[PDB]
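Trainee: Residue numbers (the deposited numbering), protein chains in the order written: chain i, 622 to 724; chain A, 209 to 311.
#1: Below 8 Å between beta carbons is the criterion; list the residues of the region 675-687 of chain i that meet it against any residue of chain A, in chain order.
#2: Listing by chain order, which chain i residues have their CB less than 8 Å from the CB of residue 283(A)?
#3: Helix, strand or coil, according to DSSP, for residue 221(A) in the structure here?
#4: If you compare alpha carbons, which of 222(A), 231(A), 224(A), 235(A) is closest to residue 216(A)?
#5: Along chain i, in chain order, which residues have C-beta atoms closer than 9 Å to that of residue 288(A)?
#6: Hey, residue 245(A) and residue 269(A) are a contact pair by Cβ (cut 8 Å); roughly how many whole angstroms apart?
#7: Locate the beta strand (DSSP E) running through residue 248(A), then write down its first and last residues.
#8: Could you give the distance in angstroms between the alpha-carbon of residue 623(i) and the alpha-carbon of residue 633(i)?
#9: Could you tell me the alpha carbon to alpha carbon distance between residue 640(i) and residue 702(i), rounded to whole angstroms?
#10: Got a sec? Which residues, its chain only, sit under 8 Å from residue 711(i) by beta carbon, not counting five neighbours each side?
#11: List the endpoints of the continuous beta strand (DSSP E) containing residue 228(A).
#12: Does the pairing of the region 272-284 of chain A with the region 223-238 of chain A give three or more beta-carbon distances under 8 Å?
#13: Throw me the rounded Cβ distance for the residue 260(A) and residue 253(A) pair, which I believe falls under 8 Å.
#14: Start and end of the alpha helix (DSSP H) containing residue 288(A)?
#15: Since residue 242(A) contacts residue 271(A) with CB under 8 Å, what's their CB separation in whole angstroms?
#16: Would you report the Cα separation of residue 682(i) and residue 293(A), rounded to the nearest angstrom?
#17: Pull the bridge partners of residue 266(A) from the DSSP assignment, please.
#18: Taking residue 226(A) as the reference, give the member of 256(A), 290(A), 211(A), 311(A) with the closest Cα.
#19: Whole angstroms is fine: what's the gap from residue 684(i)'s alpha carbon to residue 255(A)'s?
#20: Rank 303(A), 251(A), 296(A) by C-alpha distance to the C-alpha of residue 265(A) and give the top, closest one.
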């Protein structure tokens, strides 16, 4: 795919949730369907577990490599942490390519 | 064994296996005949203004092998891999071989 990632013929499947309709007071019969319902919302917890396979580096390069580091000059906040109001801060985009290999 | 047969082979390598790392280092050395086969008494009086400089001693015909430096066993890339990923390290075992002698 153009955005990035893994292209799959059979992807992890769509998961769908709805609140069941609960009706308001009805005192008479009609063929026409009920349009009056009690107002409701739902809340809960979800857990996702994922397994990943890793490929190890086997480099023979003598000199030291480039690495991602936490490096800031005179910082006024910690990046990837909450602020005084409680809002999360994420200033930098992070890629995967820091290691080097010969062609 | 013989004039035409090699005593040993070159090994320079690092192997990483979970909690253990093994380092192999090979070098070529030269030995001078020091003191012309004799033992000499050596001594000093005060020098650069200091009596702490004064000593009495012996110089010898022999030479010695020293490996007490980290760069002797570690590549700069291998040292970066250890400092980045581990809380601590300690030494466990040492093996030494001397071979391919030429007078």
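C-beta atoms are modelled at their ideal positions from N, C-alpha and C, and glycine is treated no differently.
Mentor: By the coordinates alone:
#1: 680, 682, 683, 684, 685, 686
#2: For the purposes of this step, residue 283(A) is identified with residue 75 of the second chain, where counting begins at 1. What residue 283(A) touches in chain i: 683.
#3: For this step, residue 221(A) is matched to residue 13 along the second chain. DSSP places residue 221(A) in strand when its eight states are reduced to three.
#4: Mapped onto the second chain, residue 216(A) falls at position 8. Closest option to residue 216(A), Cα to Cα, is 235(A).
#5: Position 80 of the second chain, counted from the first residue, corresponds to residue 288(A). Those within 9 Å of residue 288(A) in chain i are 685, 686, 688.
#6: One-based indexing of the second chain puts residue 245(A) at position 37. One-based indexing of the second chain puts residue 269(A) at position 61. Indeed, because the Cβ distance is near 6 Å, the residues count as touching under 8 Å.
#7: Translated into the one-based positions of the second chain, residue 248(A) becomes position 40. It spans 248-252 - the beta strand (DSSP E) in which residue 248(A) sits, taken as one unbroken run.
#8: Walking along the first chain from the start, residue 623(i) turns up at place 2. Walking along the first chain from the start, residue 633(i) turns up at place 12. Roughly 19 Å separates the two Cα atoms.
#9: On the first chain, residue 640(i) is found 19 positions in, with the first residue counted as 1. On the first chain, residue 702(i) is found 81 positions in, with the first residue counted as 1. Their Cα atoms are separated by approximately 35 Å.
#10: Counted from its first residue, the first chain places residue 711(i) at position 90. If we look at residue 711(i) and ignore the five residues flanking it on each side, its Cβ neighbours are 700, 701.
#11: Start at 1 with the first residue of the second chain, and residue 228(A) comes out as number 20. Unbroken beta strand (DSSP E) run through residue 228(A): 228-232.
#12: yes
#13: Reading the second chain from its first residue, position 52 is the one you call residue 260(A). Reading the second chain from its first residue, position 45 is the one you call residue 253(A). About 12 Å separates the two Cβ atoms, so there is no contact after all.
#14: The residue labelled residue 288(A) in the question sits at position 80 within the second chain. Its alpha helix (DSSP H) spans residues 284-293.
#15: Here residue 242(A) refers to the residue found at position 34 when the second chain is read from its first residue. Here residue 271(A) refers to the residue found at position 63 when the second chain is read from its first residue. Yes, residue 242(A) and residue 271(A) are in contact; Cβ-Cβ is about 7 Å, under 8 Å.
#16: For the purposes of this step, residue 682(i) is taken as the residue at position 61 of the first chain. For the purposes of this step, residue 293(A) is taken as the residue at position 85 of the second chain. For residue 682(i) and residue 293(A), the distance between alpha carbons rounds to 18 Å.
#17: Within the second chain, numbered from 1, the residue matching residue 266(A) stands at position 58. Answer by DSSP bridge pairing, in chain order: 249(A).
#18: Sequence index remark: in the second chain, residue 226(A) carries index 18 (1-based). The shortest Cα separation from residue 226(A) among 256(A), 290(A), 211(A), 311(A) belongs to 290(A).
#19: Here residue 684(i) refers to the residue found at position 63 when the first chain is read from its first residue. Here residue 255(A) refers to the residue found at position 47 when the second chain is read from its first residue. Spanning the two alpha carbons is a distance of roughly 43 Å.
#20: Translated into positions along the second chain, residue 265(A) becomes position 57. Nearest option by C-alpha distance: 251(A).
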